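The structure tokens that follow cover one protein chain in two forms, given apart as structure 1 and structure 2.
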Structure 1
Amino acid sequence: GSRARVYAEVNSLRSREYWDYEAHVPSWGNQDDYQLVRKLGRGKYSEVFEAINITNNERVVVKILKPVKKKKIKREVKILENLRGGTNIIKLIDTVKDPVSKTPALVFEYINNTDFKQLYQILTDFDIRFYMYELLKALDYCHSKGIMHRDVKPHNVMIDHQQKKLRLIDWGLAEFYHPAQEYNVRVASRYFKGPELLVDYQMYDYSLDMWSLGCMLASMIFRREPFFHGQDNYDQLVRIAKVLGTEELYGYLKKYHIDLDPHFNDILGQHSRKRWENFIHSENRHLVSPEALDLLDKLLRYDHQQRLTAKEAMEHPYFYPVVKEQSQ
């Protein structure tokens, strides 16, 4: 069976308490120290507000959780605690409850979420390299901590383009990696789902996040956002196969003994693998380089186990200008 190439044993080498989130007992502080100022977003299991800590005037973000998901709350809390101090991971300041209702909430550091008003037109080639490198630091960190994010997408990446700060948010779908464990494929968001999810392959790993990363890189350098625009989960795989090829998909399935839902036979068609240069034109040529294409080609691979790790991606020549500026 399939196994991560990196970080495969790291949870088993740690104390059980590190990964046994069901046994975790958070310490719940007092939400009454926080004044909600403005709604920032809302999801199936939470709602997010900008807030002030009235005791010290600190601006923060409060994610109020639907309380019935007790196991899922412990999971997210323990993951965030394990990731404390990780580079470019959103900082969990505290875990609090309304002291009367006991509804739990998470308090995060505030970030300026730049409102990109022109579909990222303002970001240069160097900016894309710089922020991709920052995002990869977060993914290498969490993977090294035995955790898969499982919902990497633009919505979950805060960038303060004033201060050049990046944070990976929303750890509510994240999960500990244990070799040979079969995971639920109902994770990630449609456009960022790896082929393994779309073909119902449960034995996936950190490399799922690297597919999502690759989708983001393709959309940044080519300016087609999202890059793979499925109308539903079936069509999502078709959109991928139109680029990566159908014979190539079947070789992946064969390698891992993956059964394909037969509804796909009526919609996949026959598609030759496309050269990445096909996506270049006058509107994106300034963001595309041989290095970018080589990196992308090594991320957007069917075979999860052969995709670059976050560290291998960071070590690619595409990021040499960032590293050199980071030291010069």
Structure 2
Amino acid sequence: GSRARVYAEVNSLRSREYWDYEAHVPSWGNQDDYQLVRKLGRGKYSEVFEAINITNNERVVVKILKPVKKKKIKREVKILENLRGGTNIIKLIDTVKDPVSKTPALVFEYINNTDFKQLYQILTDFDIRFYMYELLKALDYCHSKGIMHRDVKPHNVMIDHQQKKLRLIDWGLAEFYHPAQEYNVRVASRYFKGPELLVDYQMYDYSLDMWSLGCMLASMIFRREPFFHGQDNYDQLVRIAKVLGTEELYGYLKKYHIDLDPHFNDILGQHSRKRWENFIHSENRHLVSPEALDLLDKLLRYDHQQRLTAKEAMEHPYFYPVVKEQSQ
């Protein structure tokens, strides 16, 4: 079972209405109470706008949802409601519909974000420890609430580097955890997909998010973004195996009785495990410490039951400087 023993059965300990999102009935307000100002982004499921609430002059973001199964809308809404007030989780302010088309939309707080491609080039050692610790709070919180995010990546982490604010965004792929449930493996961005997804192992858990977090930590301390840069889902596993090793992959597959797609026979090759110190050079040495490497080593592991939980990662010595400052 899940390494996060205290969080494994939580949803079974709550009321059915907590997780039964098919049965959830949202309360929809009127999008006419918001004035759209500028488009921020677009993707396959939504587009997002900066807006002003006309009744109180607050700046907000409006995410207008593209047509999908009503079930996926109910899921994202119920998850955000269950996460109300959670540490470093993007705040849902409202759930509205357009007054003529009835198209649903979600209203969030606005973050004065710095795009990660710019930000990651200027971060200090302390800054990386701080932002990673603040992201871990959000993952410990949502996992404690029985929810896997399933799309952790830099674009989904809003960072105001002037006010030192961080929010985890885009809960549209998130899902409730239940032991032994088979999940859809078509989640996460390619570069952040855990090995479990790449080998079609459906009985995954919260530890998927901890792989994606480790990929982020590696890209920050080593200044190589994304860290594992596959050309497609097959090549993604090859890129992982060139670092973690092929013999180590086969031991993982054997433990969980995982069958490997035969196409991998043509492309995996044979690769020794690399030492993490091999990634250090003059441009990143100031961001790497023994504590960083020990933490990373305990995140980027094939075996999803051996990866640290979010709380165990927060307890790691790498974050001692941040804990000291937050209590001083």
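In this text, rigid core is short for the largest set of C-alphas that superpose within 1.5 Å between two forms. Reference numbering: structure 1, starting with residue 1. Only residues modelled in both forms are compared.
Task: Single mover in 84, 155, 117, 257, with Cα shift of 2 Å or more between structure 1 and structure 2 when the core is superposed - done: The one that moves 2 Å or more is 117.
Open item on the list: Aligned on the rigid core, do the two forms place the Cα of residue 6 2 Å or more apart, comparing between structure 1 and structure 2?
Closed with: It does shift by 2 Å or more.
Open item on the list: Given a superposition on the rigid core, I'd like a yes or no on whether residue 68 shifts its C-alpha by 2 Å or more between structure 1 and structure 2.
Closed with: It does shift by 2 Å or more.
TODO: For residue 39, give the CA shift between structure 1 and structure 2 in Å, the superposition being done on the rigid core.
DONE: Looking at the C-alpha of residue 39 between structure 1 and structure 2, the offset is 0.4 Å.
TODO: Determine, in Å, the CA shift of residue 99 between structure 1 and structure 2 after the rigid core is used for superposition.
DONE: Residue shift at the C-alpha: 2.1 Å.
Open item on the list: Once both forms are aligned on the rigid core, what are the runs of 3 or more consecutive residues with C-alpha shifts of 2 Å or more between structure 1 and structure 2?
Closed with: The segments that shift (3 or more residues, C-alpha shift of 2 Å or more) are 1 to 6, 67 to 69, 115 to 119.
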